[PDB]
Each structure stands twice: as structure tokens, then as C-alpha cells.
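Asker: Everything below, folded, please.
(chains A, B, C, D, E and F, ligands or ions: 4)
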Amino acid sequence: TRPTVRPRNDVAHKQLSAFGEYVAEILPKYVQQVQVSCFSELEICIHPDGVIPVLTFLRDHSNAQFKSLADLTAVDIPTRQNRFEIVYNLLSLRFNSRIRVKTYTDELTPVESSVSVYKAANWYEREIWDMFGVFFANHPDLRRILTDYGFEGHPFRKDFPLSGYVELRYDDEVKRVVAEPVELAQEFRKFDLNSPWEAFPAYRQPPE
Amino acid sequence: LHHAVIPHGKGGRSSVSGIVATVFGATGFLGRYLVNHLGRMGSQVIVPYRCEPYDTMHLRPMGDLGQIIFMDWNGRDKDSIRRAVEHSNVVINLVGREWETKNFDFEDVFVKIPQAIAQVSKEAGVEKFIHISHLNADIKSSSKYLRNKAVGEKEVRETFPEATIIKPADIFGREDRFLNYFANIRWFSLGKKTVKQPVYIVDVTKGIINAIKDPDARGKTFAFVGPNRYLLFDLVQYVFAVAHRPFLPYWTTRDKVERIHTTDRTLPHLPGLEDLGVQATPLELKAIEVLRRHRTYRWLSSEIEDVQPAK
Amino acid sequence: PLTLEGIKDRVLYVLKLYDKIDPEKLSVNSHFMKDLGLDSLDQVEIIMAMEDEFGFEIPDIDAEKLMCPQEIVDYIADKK
Amino acid sequence: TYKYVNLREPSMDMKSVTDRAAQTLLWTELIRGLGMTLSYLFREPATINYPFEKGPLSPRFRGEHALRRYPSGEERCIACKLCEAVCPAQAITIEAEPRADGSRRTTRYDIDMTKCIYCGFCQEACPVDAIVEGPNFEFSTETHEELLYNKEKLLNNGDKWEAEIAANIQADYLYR
Amino acid sequence: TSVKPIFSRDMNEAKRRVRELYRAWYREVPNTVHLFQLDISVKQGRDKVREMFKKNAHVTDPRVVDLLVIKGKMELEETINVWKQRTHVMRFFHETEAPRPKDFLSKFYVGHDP
Amino acid sequence: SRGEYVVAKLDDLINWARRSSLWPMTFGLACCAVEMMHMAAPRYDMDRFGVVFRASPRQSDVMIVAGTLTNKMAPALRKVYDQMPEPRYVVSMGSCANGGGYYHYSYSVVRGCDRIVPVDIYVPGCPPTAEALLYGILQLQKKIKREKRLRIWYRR
Ligand SMILES: NC(=O)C1=CN([C@@H]2O[C@H](COP(=O)(O)OP(=O)(O)OC[C@H]3O[C@@H](n4cnc5c(N)ncnc54)[C@H](OP(=O)(O)O)[C@@H]3O)[C@@H](O)[C@H]2O)C=CC1
Ligand code: SF4
Ligand code: SF4
Ligand code: SF4
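Answerer: Numbers count the residues shown, from 1 in each chain, chains lettered A, B, ... in the order given. Ligands and ions are numbered 1, 2, ... in the order given. You can find the structure just below:
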């Protein structure tokens, strides 16, 4: 209770509750979910056709300034009809606030390239292109950053394995570096670390 | 056979091949490319060196983790050669210096070396001994070099009779001896009519590794000749045309000039490249590879500027 | 010298100059797509090879709709 | 609370402007910088003299990956694999067999000194304190083969000193 | 299931784009093999270029063909720049064998495998 | 035996001369580079041993590969390493470089820098101490005491 347990707040909780209902009231075209965790950081869950309207509204409108940006990593999730999650993380300057904009997408449908409204978004967008492969229509510059040039395969997906397919070594047969299929000297013994006996009772989805 | 000699998986970078090699020499050229293809093939390579450890550091990163191993040896003992072939699947004899020192002649290298190692190898119970030699070894005169290699072939077919004697013709490669001798002509050239047929080094060592992994190789000596068979003066025209250095035709022993002005003949008494089943590559593209040194920024980049016929 | 025979001779010797042509067999209705066994890949190879030899801008739709060497002759005749 | 910088202005008094001019001419505080450096020049230097005067350490330092044993006793490890289960780069290869009595042991206990990262997590996880970080850090190996320790290498490494490790743990067991 | 497009509305503009990229890669190869100081004839390079185009012959979805065109145009950006190296362009070649067979018999002697 | 005697004296001269200066260059990828900078810290001097920084690849003797060698780096590493004179030496400094280490099971990471260059001296520790790195350089100097190159050349 008082020791060892982080005391939850109520002021920011009720305020972000009211603010989420405010945003849901004022943009009914592009609101699907508003949600608040116990530690009170706002999440707004979004169809990817009003990304530029929500961002132009959130940087402006003077009821919420939201100048500052943090990354949008589209965390790779199978089993959904639309796979990936673009995660904006907006951090205001006049309010000390944190909202998240989770819009969803899938493997081929482009989203509308938030570089034109946040200049910070450019290298983050090139990063998510090079690592996942969500193509960004209406964008000035799409190179590949934080990989090899000749490499492809978008390695942060769940389909790409832990060690890569290609492997570089040197040979004096052509006096240069060449690529080879992968050969590991030790198996990387995966560990089964998933306990039974219902680790959390509150988070049971309704069973089939 | 003992276990962990059996093959395992896709070859390359710690796939245990069926061979454990013992390579004589290997500090210089041909043995280095042979160790290179064995480390790609993924074997365990015992190599002796009688020299400074820098060349053995040079061929260190070729094999995988701990697949190669080093020792010391000489042409004067028997314990070191016996300790080399204590545990050897296959063993190859590459040795031979192009010039005589003040201690080791062209005599007694091809007499003292292959007799000793052949005798202790046959007494050590190895398989598939492969000794290299040159083409056109004659018992007759005009080459101390080639007659000593002829006596070497005689000794290695004499003792351990199901060996494999392999002769190529002259070989050209990424660090060739003879075209890098044609480097030194640029500061000074001799032209006579003589046919010649070089062969590129990596298909030579491809044929060597196929013949060392494949039995039927014992007994029958083999001859490795490229598809070229052309004239000396066309080679000199070709190399100074690829180098784009202007020319007016007219570390060296006279045995060198006797080698390059002897002859190059053929022998249909024995099979060769494609009869063993390995591809032969022509001269020209490997010449564009190996002539990058001499150009110096005038015509440094060129490919198809010159073609020279065979015969 | 820009008559019909100049254009036809120049297209003739540069399709001679092409290497993988199967067989030689040039005609005014040769139709190297479906009579000589050539893909759309080799179609656009040949068209921009003409463009490399002496050509114009040769826009990709007008480059794309030629298909036959005598029509290439008439095309350069229309454009040059 | 904040304290911002360069709220300053050139004062327009004559002594002020002529002192700024004299500093413009002679580079006077440049000479003050020279004087500060000479004040560290005549200061006595502080190095050590490596083969003879080694640098200091700490009692909790992380070294060797050696092994202990009981007072005149068995190998203290009991093959419980907690060290591999915390080993972050999986550099602990353990294959176990019981010995010829019924008591349980190992066969193969290999530490990859390359792939190790010297956490101390295998110090914190070993239930009997059988694997211990050593004090000394001098491996310095001319081959790649000879940084892969087998079991008998580890136990001959742990028998090169114990009174060392006993002293460090005895002075350090209450803390952790 | 009307997916938003990439560039086109059917496959005809996709065919136009991929043939335009093949035009660009045709005219850009001898510049690179003259520039990186390699050891390969030009016709070998052009033929492996068209082989790498023919590797993807079965592709039919228009978004996917557009995305291959975007990949190829990004690599031609990286080869009109000299941002890549000799190693990558030789890595497109498959010259250090890798002579791995296709017969059943050789895959049986060198086995544990189909 | 005056010939081998004089050649032995001269070989001892040049090997002493080689182990004398040994200035490296600074490749220095990650936090092992910070340990190199603390090997340039005044509490553990390298200039007691004539060991100087030299950022050009054209006059260093040894070269310290120190950091996590990736695929985007490794051809540039060897294309630095080769254009360097004939006595060349490699210090693999750190768990990342001496066998892959903590990023061993990943894409884009060279599993041990024997796959690019040869290695004379491994110095493990993540990071090494300044003391351990200095011990490795002293052992490399003792390797240069163990050369007998010119004796080999004469007795050939
Ligand atoms: N066309 C042909 O068939 C020809 C074939 N060859 C063969 O090609 C191979 C490569 O050629 P090349 O580079 O010139 O030769 P090598 O590099 O193989 O030279 C012989 C090797 O054995 C060592 N060696 C030589 N003489 C002695 C000796 N007296 N005592 C002890 N060790 C000795 C040398 O040591 P180190 O260098 O370390 O001092 C060297 O490593 C050789 O096997 C050669 O015979 C050569 C010419 C023509
Ligand atoms: S944690 Fe200790 S007792 Fe357990 S297996 Fe590892 S070394 Fe042995
Ligand atoms: S200190 Fe080394 S061996 Fe021990 S758990 Fe960490 S990485 Fe593994
Ligand atoms: S070995 Fe350790 S200290 Fe060195 S680069 Fe890797 S993580 Fe950093």
C-alpha cells in the first residue's frame, strides 16, 4: 500500500480522461479508441486516413500545443488483418503531457508521410522504411539508413530470423570481401521461459 | 575409419569435410591458393613452415576457427616430417625454389626431399599422396631445373607407386611469378619464336581439390594445360598492350631464361582438365585482373582495347 | 542523305550490330516479337539501342509501341 | 529556478574601454593562459610505472572466471545450469553426467571467454559460489583457440589461487 | 477490399515503369564497370542485369511490382552515387562458388538433405 | 661463426628498433575507443613506450581493432588495413572484436574479426582495463623480441 507500491495519481488521470473525451467529441471522423492506463498516459487509436489532420490539429489549435515529437515504431505484430502499428509519441512544451497516436497499417498500403508537418519525422520515417518496409507515399527522400546498402529483407520483422541469411568474410581468391550463407558455431539454445498457472487473472480475454 | 571424419552439412566455414590435409610449402603462391580452397571447403590443414611466423600469420585467417594448425620442419631431420604425418588423411608435396642458395642446390632438393617424405609417408600409412612437378621434364640437358624435376618424378613414381604426379605448364595468377617477371622488362625485352600455354591458378587448384577428394587419382599422372597454346611474341605484345606501356622489343638466373625459352609440348598419353571434369578459363579477363599495377593513371581503366590471336 | 534508304540502311546495319538476333532475317514485316522469339525486354533493348546510336528523346510510350523494324524506319522518318 | 548566461554588455567607461583595448593589443589573458599551463608544468605528475608500480583496484573487481572447491573436497559446482540460464551471450556450455558413485556432476563446462561480457551474473546466480570472478586480468593470447577454456583449464586456473579468492569473498560476503 | 494504390490503377503503368527502369539499368552498367575498376566484361554485366530482372517473372500484384520498381530505383540512386563499394557490386555477382548441385545423386552423396 | 654472430647482432638491433616505437592508429568503433582514450589518460601513459597516436593509416605499425565490427564497416576496415607497410600487427581489443561477443547472434555483425584481418594479440575484457591493454602491448613487444627474421634469412 504505502511502501513498495507506486502510488497512482488521480489528477492527471481525470484530466486525461476529460481530454480524451474532448478529442473524441471534436474529431468524430477519426476516433476509434481513446484509452488511459493506470499510470495515465493517453493513447488515441486511429484509422490511417486522418494522420495529417490529427497531427495538424495537435501541433496547433492552442488548447494543446504539442510541439515535440518522438518515434513511431510500427511494432511488428502478426495475426491481425492489418499488421503494423505506427506509434507517434507527442510531447508538449507548455503542458508537461504525453499522448500517443497509434494508427494502424499493413504491408503495402502507404501512409501519408508526416515529414511535411514535423521536420523531425524525416529520419525516423527513413528508419522505419529501412527496417520494416512500410512505404511512405508523398515523401521527398526515401533512402536506406542503419543497414548495409546491398542488404535487404527488413530484418526487424518476425519473419527474419535472429542471425541473418548473409554473412561476410574475406578471401584471397578474389582478394576481397564476399558473402556466404550463414554458418553458426553454436546453436543459440532458445529457452522455454513461459510459466503456467495464470500469471495475471485480470487480463483474461473472453475464451472461444 | 574413425568417427568425426564423416562429412557434415553444407560445406563452408566449419563443415567437417572428409579430408585432413598436410600441405608442404604453402608460404608462397600455389600452396596459399590451395589452402584457400581447402578452408572454403572446410578441412583441417596441417601446414609446416620453416620460416618467420609472419607468413604463417598471413595464411592464418583463411581457415575457420582453429581449423588450420602450424608446425616447424626442415630439409635435414626426420622427426619433424614424421610428426607432420602422424595423423594425415591426404598429403601434398609442393616444394621448390626458383634459385639456388649457397646451401641448397637444385640438386638434393628434388632428391633429398621427395625420397624422405615419400618413404616416411608410405611407412606412415597415408592415402592419396600428390606430388606436383613441371611439364617438359627431360632427362637430357639444357635445364638443371627441369632435369632435377625429372629425377623427382622418377623417384616419386619409384617409391609409393600409387601416388599422383601432377604437372601443369607455366601458371599465371593474381600474384604470378612470370608476368611479374615481365614487370621488370619495362625498365629495360627478348623476342624469339616459341609456343607457350599458360593456365590460370584457381582452376588448377580446383582440379587439385577434385583429384584429392576423388579416388581413381592414384597411379595415373595428370597434366594440366590451359586451352591457349600460343606464341611467345604474341604474349609479349599482349601484356604490353594490356599494360598500355610503349615498347620496342629486341632475382634472374639464366635458368629462368632457359625455362621461358625452352618449348611447351603436348602429351596425349594422359588425361587433363575436362577429362577430370573441371572448367578451363582463358587468358584475357584474368590478364585484366593481374595487370592493374603497371598502368599509372594513363589508360588505367580499360577492358576491350585489344585482342591477340592464338596461332 | 536522310531519305528512306538512309534510315533503312542505318537501322539494318545496327540490327546487324545487335548480337543475339535469332536468326538474321530482317523484313519489312519481320515482327521480331513473335516471329524471331524476342521478349518485351529485348524489345526495349532494341528501341533504346537505336536511341543510343543516334536517337531522340524517344518517350517510353512511343518507344513502347514500335514492335517492328520497318515501323521503326517510318518512326524515325516521322521524327527526323 | 534557472540561471541563464551571457546577460552582459560592454561597459562604456574609459578605463573599461582602454583595458579591453590593452587586452586586444597584447593578448594579456592569453599570457594568463600560458601562466596557468606553466602552473601545471611545475606540478608533479601523477602516473604509475607499469611493470613495477601497478594501478589500484577494488575488492569487488571482476576477473578470471575461475572455480573453487570445498575444504579438501569435491568440485563445488553441482551442474544446476543457472549460470547458463543467466548467461546473456550464452557463453556457458554445460553437458552433465553423474559420476561413478551416484552423486551428480558434469562432463563439459566450457566458458567462452570471447563471448563472455563479465557481468557478474554468474557470480550472483551460482548457488554455492562455485564460479567466482578472479582478481587478475591478463589473458593476452596469441591464438584464437586459447581463449576457450575447458573444465580442466578452469580448475587448474582455480587451483592457481584460492587464498586470493577466499580473501576477497571473506572480505566481501556480507555486502552482496 | 479496395486497397489504396501505389502509383497506378492497373498493371499497364507498372509495365511502363519496369521497362523504364530496365532502360536506366542498361545505360548505367558500363559507367559503373568503367568507374569501379572491376574485371568483368560489359556484356556479362548486362546479361546478369537482365537475369536479375527475369528472376522475378511470376509477380502479378500491382503494389508489389511498384515496390520492386522503387527498390531498383533506389539502388540505381546508390549506383549513380558512389555511396556503395566494390564489395557490394561484386556481391551481386555470384563468382566465388558455391557450386552447389541440383541433381538428386550429388545431393545424395553430400546429403542429410533432399 | 662470425657470419651468424654479426647477423644475430644486427637482427637483435632491428627487432629492438621495431619494438621500440610502435605507434598505432585510432580506428576505435565503440566504448573500447573510450578505453583507448583512457589509455591516453595521464595515469597510464603510452608515451613512456614511444607509443603515439597517429591518425593516418600510412605510418602506424600496429593497428587496434577495438569495437563491434559490422558489415557496413568491415570492407572499409580491410581497405584501411592493407594500405599500411609490411610490418603490420593487429590488436583485437575487446569482447566484441575477439570473437563476436555480446552481439554474436545477430545479423550485420561480424562474428570475430578473424573473418576480415589476421590477429596477432587478443585482449579480452569488456572493456579491457588500461592495465590489461598495456599488458597486451608489452606481450606484443616480447613477440617482437621473438622474431629471428634475419637469422632465418641468412640460414636459408
Ligand atoms: N608450371 C609448373 O608446374 C611449375 C610449378 N611450380 C610449383 O608451384 C609452387 C609455387 O611456386 P613457388 O611460390 O615458386 O614455390 P614455393 O612457395 O612452394 O617454394 C617452396 C617452399 O618450400 C620452402 N623451401 C624451399 N626450399 C627449401 C629448403 N631448401 N628447405 C626447406 N624449405 C624449403 C620455401 O620456404 P619459404 O618461402 O618460407 O622460405 C617455400 O615455402 C611450387 O610448389 C613450385 O614447385 C613452380 C614453377 C613451375
Ligand atoms: S550456477 Fe554454479 S552450481 Fe549451478 S551449474 Fe553453474 S557453476 Fe554449477
Ligand atoms: S559474466 Fe560472462 S560467463 Fe558469466 S553470465 Fe555474464 S557473459 Fe556469461
Ligand atoms: S567489447 Fe565491450 S567495451 Fe568493447 S566495444 Fe564491445 S561492448 Fe564496448
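Asker: ok and the residue in chain D nearest ligand 1?
Answerer: Proximity of chain D to ligand 1 (Cβ to the nearest ligand atom) peaks at residue D:142, 19.8 Å away. Where you see a C-beta, it was placed from the backbone N, CA and C, and this is true even at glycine.
Asker: Can you pull the phi/psi pair for that residue?
Answerer: Per-residue torsions, residue D:142: phi -80, psi -10 (degrees, to the nearest 10).
Asker: What is the burial count for it?
Answerer: By other Cβ atoms under 10 Å in any protein chain shown, 15 other residues sit near residue D:142.
Asker: got a list of what residue B:172 touches?
Answerer: Applying Cβ atoms under 8 Å, 6 or more residues apart in numbering or on different chains to residue B:172 gives the contacts B:178-179, B:198-201, B:283, B:286-287, B:290.
Asker: Contact partners for whichever residue of chain F sits closest to ligand 1?
Answerer: In chain F, the residue that lies nearest ligand 1 is residue F:156 (5.7 Å; Cβ to the nearest ligand atom). Shown in contact with residue F:156 (Cβ under 8 Å, 6+ apart): B:51, B:101, B:103.
Asker: same deal with residue C:68?
Answerer: C:29-33.
Asker: Make JSON lines out of the contacts of residue F:156 and add secondary structure, distance to ligand 1 and neighbour count.
Answerer: Shown next, in JSON lines, are these (DSSP: H, G, I helix; E, B strand; the rest coil; distance: Cβ to the nearest ligand atom, whole Å; neighbours: other Cβ atoms under 10 Å in any protein chain shown):
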{"residue": "B:51", "secondary structure": "coil", "distance to ligand 1": "3", "neighbour count": "14"}
{"residue": "B:101", "secondary structure": "coil", "distance to ligand 1": "7", "neighbour count": "10"}
{"residue": "B:103", "secondary structure": "coil", "distance to ligand 1": "7", "neighbour count": "9"}
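Asker: surely the residue of chain D closest to ligand 1 meets residue F:143?
Answerer: Yes - in terms of Cβ atoms under 8 Å, residue D:142 counts as a neighbour of residue F:143; the distance is 7.1 Å.
Asker: Of all the residues in stretch D:29-46, which ones are buried?
Answerer: In terms of neighbour count (16 or more other Cβ atoms under 10 Å in any protein chain shown), stretch D:29-46 has no buried residues at all.
Asker: residues making contact with that stretch?
Answerer: D:23, F:42-43.
Asker: Tell me how many other residues surround residue A:149.
Answerer: Counted with other Cβ under 10 Å, the neighbours of residue A:149 add up to 20.
Asker: ugh, typo on my part, it should be residue C:39
Answerer: Neighbour count for residue C:39, taken as other Cβ under 10 Å: 11.
Asker: so who does it touch?
Answerer: By Cβ under 8 Å, 6+ apart, residue C:39 has no neighbours at all.
Asker: mind checking how far it is from residue A:42?
Answerer: Residue C:39 is 57 Å from residue A:42, where distance means Cβ to Cβ, to the nearest Å.
Asker: And residue F:66, by the same measure?
Answerer: Distance, residue F:66 to residue A:42, by Cβ to Cβ: 45 Å.
Asker: again, but for residue E:50
Answerer: 54 Å.
Asker: So for the two, which residue has more residues nearby?
Answerer: residue A:42 (21 against 16).
Asker: quick one: contacts for that one?
Answerer: Here residue A:42 is in contact with A:16, A:19-20, A:34-36, A:97-100 (criterion: Cβ under 8 Å, 6+ apart).
Asker: Touching, residue F:73 and residue F:27? I think so.
Answerer: No - here residue F:73 does not reach residue F:27: they are 9.3 Å apart, not a contact under Cβ under 8 Å.
Asker: more crowded one of these two?
Answerer: residue F:27 (24 against 17).
Asker: Farthest pair within the contacts of residue A:42?
Answerer: Using Cβ to Cβ, the contacts of residue A:42 span at most 15.7 Å, a distance reached by A:35 and A:97.
Asker: follow-up on the earlier one: closest one to chain C out of the contacts of residue A:42, please.
Answerer: Relative to chain C, the closest of these is residue A:100; by Cβ to the nearest Cβ it sits at 45.1 Å.
Asker: picking that back up, in strands, which of the contacts of residue C:68 fall?
Answerer: Among these, no member is found in strands (DSSP state E).
Asker: I'd like those as JSON lines, with distance to residue B:138 appended.
Answerer: Formatted as JSON lines, these follow (distance: Cβ to Cβ, whole Å):
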{"residue": "C:29", "distance to residue B:138": "67"}
{"residue": "C:30", "distance to residue B:138": "61"}
{"residue": "C:31", "distance to residue B:138": "64"}
{"residue": "C:32", "distance to residue B:138": "59"}
{"residue": "C:33", "distance to residue B:138": "63"}
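Asker: quick one: which of those residues has the most company?
Answerer: Neighbour max across these (other Cβ under 10 Å) = residue C:32, 21 neighbours.
Asker: isn't that residue right next to residue C:46, touching?
Answerer: Yes - assessed by Cβ under 8 Å, residue C:32 is found in contact with residue C:46 at 7.4 Å.
Asker: what about residue 54, how many neighbours?
Answerer: Answering for chain A, as no chain was given. Residue A:54: 20 neighbours (other Cβ under 10 Å).
Asker: Not quite, go with chain D.
Answerer: Residue D:54 has 11 nearby residues by other Cβ under 10 Å.
Asker: what about it, distance to residue D:135?
Answerer: 12 Å.
Asker: Same check on residue D:174?
Answerer: For residue D:174, the distance to residue D:135 - Cβ to Cβ - is 19 Å.
Asker: out of these two, which sits in the more crowded spot?
Answerer: Higher neighbour count among residue D:174 and residue D:135: residue D:135, with 18 against 6, using other Cβ under 10 Å.
Asker: Once you drop chain neighbours, what's closest to that one?
Answerer: Excluding the flanking residues, the one nearest residue D:135 by Cβ to Cβ, 6 or more residues apart in numbering or on different chains is residue D:63, at 5.2 Å.
Asker: Looks like that neighbour contacts residue D:138 (just checking).
Answerer: No - counting by Cβ under 8 Å, residue D:138 is not a contact partner of residue D:63; they are 9.3 Å apart.
Asker: So for the two, which residue has more residues nearby?
Answerer: residue D:63 (20 against 14).
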